[PDB]
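J.:
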Amino acid sequence: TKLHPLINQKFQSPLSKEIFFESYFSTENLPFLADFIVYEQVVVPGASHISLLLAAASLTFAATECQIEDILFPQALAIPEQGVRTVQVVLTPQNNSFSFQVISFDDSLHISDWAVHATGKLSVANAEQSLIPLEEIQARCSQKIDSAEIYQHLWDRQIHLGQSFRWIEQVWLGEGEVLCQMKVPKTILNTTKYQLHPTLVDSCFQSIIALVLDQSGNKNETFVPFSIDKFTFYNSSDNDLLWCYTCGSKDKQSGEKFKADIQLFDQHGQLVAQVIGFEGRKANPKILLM
Amino acid sequence: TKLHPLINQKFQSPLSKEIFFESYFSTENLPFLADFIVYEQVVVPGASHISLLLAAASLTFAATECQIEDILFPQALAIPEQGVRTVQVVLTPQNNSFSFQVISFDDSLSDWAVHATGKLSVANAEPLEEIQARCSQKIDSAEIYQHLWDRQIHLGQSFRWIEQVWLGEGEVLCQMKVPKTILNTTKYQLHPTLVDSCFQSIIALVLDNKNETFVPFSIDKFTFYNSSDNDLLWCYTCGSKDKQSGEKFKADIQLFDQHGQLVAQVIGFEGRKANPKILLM
Ligand SMILES: CC[C@@H](O)C/C=C(\C)C(=O)O
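Residue numbers (UniProt numbering), protein chains in the order written: chain A, 943 to 1051, 1064 to 1244; chain B, 943 to 1051, 1066 to 1082, 1087 to 1168, 1172 to 1244.
1) Residues in its own chain within less than 6 Å of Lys-1240 of chain A by CB, not counting five upstream and five downstream?
2) Taking the C-alpha atoms as reference points, what is the distance between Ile-979 of chain B and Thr-969 of chain B?
3) Have a look at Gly-1074 of chain B and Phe-1180 of chain A and give me their C-alpha separation to the nearest angstrom.
4) In terms of DSSP beta bridges, what is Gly-1202 of chain B paired with?
5) Hey, does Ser-955 of chain A have any beta-carbon neighbour from chain C nearer than 7 Å?
6) When the cut-off is 7 Å and only beta carbons count, does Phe-962 of chain B lie next to chain A?
7) What whole-angstrom Cβ distance do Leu-1150 of chain B and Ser-1190 of chain B have, given they're in contact under 8 Å?
8) How should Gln-1117 of chain B be labelled, buried or exposed, when 16 other C-beta atoms within 10 angstroms of its C-beta is the threshold for buried?
9) Would you call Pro-1016 of chain A buried or exposed, if buried means 16 or more other Cβ atoms sit within 10 Å of its Cβ?
10) Please determine whether the Cβ atom of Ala-1227 of chain A lies at a distance below 6 Å from any heavy atom of ligand 1.
11) How about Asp-1215 of chain B and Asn-1193 of chain B: do their beta carbons lie closer than 7 Å?
12) Excluding the 5 residues flanking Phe-974 of chain B on each side, which residues of the same chain have their C-beta closer than 6 Å to its C-beta?
13) Consider the Cβ of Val-1031 of chain B: report whether some Cβ of chain A lies at a distance smaller than 7 Å.
14) Would you mind telling me which residues of chain A sit closer than 8 Å to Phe-1040 of chain B, beta carbon to beta carbon, in chain order?
15) Any beta-carbon of chain B closer than 7 Å to the one on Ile-1065 of chain A?
16) Given this structure, state the Cα-to-Cα distance separating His-1222 of chain B from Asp-1048 of chain A, to the nearest angstrom.
17) Determine whether the beta carbon atoms of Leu-1019 of chain B and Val-986 of chain B lie at a separation below 7 Å.
18) Go through its chain and collect everything with a Cβ distance to residue 1056 of chain A's Cβ below 7 Å, but skip five positions before and after it.
19) Please confirm whether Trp-1126 of chain A has its beta-carbon closer than 7 Å to some beta-carbon of chain B.
20) Could you check whether the Cβ of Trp-1068 of chain B sits closer than 7 Å to any Cβ belonging to chain A?
21) Can you give the Cα-Cα distance for residue 1266 of chain B and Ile-1230 of chain B, rounded to whole angstroms?
22) Who pairs with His-1114 of chain B in a beta bridge, going by DSSP?
23) What number of angstroms, rounded off, separates the C-alpha of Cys-1198 of chain A from the C-alpha of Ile-1142 of chain A?
24) Nearer than 6 Å: is that true of the beta carbon of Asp-1156 of chain A relative to any heavy atom of ligand 1?
25) Tell me the rounded alpha-carbon separation between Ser-993 of chain B and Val-1155 of chain B.
26) Just reading off the alpha helix (DSSP H) that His-1222 of chain B is part of, what are its end residues?
27) For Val-1125 of chain A, I'd like the list of residues in its chain whose CB is within less than 6 Å of its CB, leaving aside the five on either flank, ordered along the chain.
28) For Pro-1179 of chain B, which residues does DSSP report across the bridge?
Set out below in structure tokens:
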């Protein structure tokens, strides 16, 4: 009795204006969580909360396309060794949308200590596919580079990505743009029940690292996902191969903000997901972790 | 994964002041519900909602004894054949208490019904032969079940807890044993059918229009102290019709062990005559 691999139960009541989704986050319930290690701690990235909201959406809307807007990640979620954190999605009805807060707390002790991990707005969307163009893009992005450079760039910042977070198999650089080929890790097997697997969303955010491999600065810091203007999920892909096109640059005013648009699409070019106004900010992941 | 035979799930959140308990009422999930048949409809009596609140208490308080105050039964709960009603207990914190609403609604589709309201808080803990002397009129338990049978309130086998009855002056002492159909009474605080039987005790004082009987309407305070592992318990009941209007019956009840340990007590029980036809819609 699992509503969604990411959601254990849903609760609503005529005597409550909010709708609740409840989930138990731990390495045993979600094995791939053991593959995102920051300074030796299990950490749930924001991308994961995006996948979680797509799940909730799939349990509340009748349609498949939806959009998450004005996303912020106030506080990172870390899971102590062999620990389990209760995570809730709280949806407040607005005009033809829901304001959402993704929060968590330690169930094993009412409640008083809790944390907010994501906030924003959530509503249905329409199809916009697509399309795309995949061959026009392979022409602008022709400097092949090794995917290891991305993972190594993260490894040096103490962001140790396991197998299930390493979707990017190939990388082509252009002028301020990058095209990644992605394959489903061999350690992931249930992508059919997910709208977008947390690790796939994260890989999409990882693509931006390929535009900042050169930069000088503090080797302790990297660009961490900080805000998103709009994330649109169109439909889930049975495909083991996807393409991810990203473009963006550092803010002219502040060399600590990296702004980008991202497009995840099909082998045939059907747009799977789209990100407008992705902003990452330079940070030491240690300080995010508390 | 069932928290309590009457409660499937519990929910609370730092972003919700209320505590919620959720339960799925249907004949398959709760077999004994098939033993309370009103004019071809399955009906959940108030006593049942009381047992549900005792369950919630056992899942929320640290203490074991608790009390329900200013109880009302705004609307009876009816379950269509092969139907399933979602039933929720909603607890709002007050000053050292909870205001509660017991509600239900049909999951297979804003439309909902309130079946009980009141207040809920902790309580404290507090002679059989002296009683067996004042109550010496042996009478057949069938008289109560027959008296009810005539009002079209048909209690099945699992609702027949009263094995023996001794009547006194405005008082009754009932011997009760667990029907052969019940085997799981250990996980309940107070099994719904036993709570209902206690309310059934008052009928032995009203064996006197045969279409109507006293329907539970309000309770001043219901106190649950502790459950008895005993398959045999004692039921002490006293009360009378309101002196001013012969339509209200007010009574206190004492359920206790063969050893004399008080298991549960009801103060200010008030029932009102009503036609069960009108309850069902
Ligand atoms: C490129 C880093 C991206 O995958 C997300 C990192 C997060 C959320 C963190 O370090 O807390």
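From the three backbone atoms N, C-alpha and C, an ideal C-beta is built for every residue, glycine too.
T.: Taking the definition as stated:
1) Non-local beta-carbon contacts of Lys-1240 of chain A in its own chain, meaning distances under 6 Å to residues more than five positions away in sequence, involve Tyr-981 in chain order.
2) Distance between the alpha carbons of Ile-979 of chain B and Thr-969 of chain B: 11 Å.
3) When the Cα atoms are used, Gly-1074 of chain B and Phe-1180 of chain A turn out to be separated by approximately 47 Å.
4) Looking at the DSSP output, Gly-1202 of chain B shares a beta bridge with B:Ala-1214.
5) Of the chains in the structure shown, none is chain C; the protein chains are A and B.
6) Yes, because at least one Cβ of chain A sits closer than 7 Å to the Cβ of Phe-962 of chain B.
7) The Cβ separation is near 7 Å, so the contact holds.
8) It is exposed - the Cβ of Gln-1117 of chain B has fewer than 16 other Cβ atoms within 10 Å.
9) Using a 10 angstroms sphere on the CB of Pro-1016 of chain A, the tally of other CB atoms stays under 16, which defines it as exposed.
10) Every heavy atom of ligand 1 is 6 Å or more from the Cβ of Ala-1227 of chain A, so no.
11) No.
12) If we look at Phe-974 of chain B and ignore the five residues flanking it on each side, its Cβ neighbours are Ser-1118 and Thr-1153.
13) So, not an interface residue.
14) Those within 8 Å of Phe-1040 of chain B in chain A number zero; the least Cβ separation is about 11 Å.
15) At a cut-off of 7 Å between beta-carbon atoms, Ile-1065 of chain A makes contact with chain B.
16) Distance from the CA atom of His-1222 of chain B to the CA atom of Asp-1048 of chain A, rounded to whole angstroms, is 44 Å.
17) When the beta-carbon positions are compared, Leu-1019 of chain B and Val-986 of chain B come within less than 7 Å of each other.
18) Here chain A is numbered 1051 followed immediately by 1064, so the structure offers no position for residue 1056 of chain A.
19) Chain B places no beta carbon closer than 7 Å to that of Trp-1126 of chain A, leaving this residue out of the contacts.
20) Yes, its Cβ sits closer than 7 Å to a Cβ of chain A.
21) For residue 1266 of chain B there is no data in the structure shown, the boundaries of chain B being 943 and 1244.
22) Within the DSSP bridge table, the entry for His-1114 of chain B names B:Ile-979 as partners.
23) Rounded to the nearest angstrom, the two C-alpha atoms are 19 Å apart.
24) True, at least one ligand heavy atom lies under 6 Å from that Cβ.
25) Cα-Cα distance, rounded: 7 Å.
26) No alpha helix (DSSP H) contains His-1222 of chain B, which DSSP labels as neither H nor E.
27) Within the same chain, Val-1125 of chain A has close Cβ partners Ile-1099, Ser-1101, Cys-1134 and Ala-1164.
28) Answer is B:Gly-1234, bridged to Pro-1179 of chain B.
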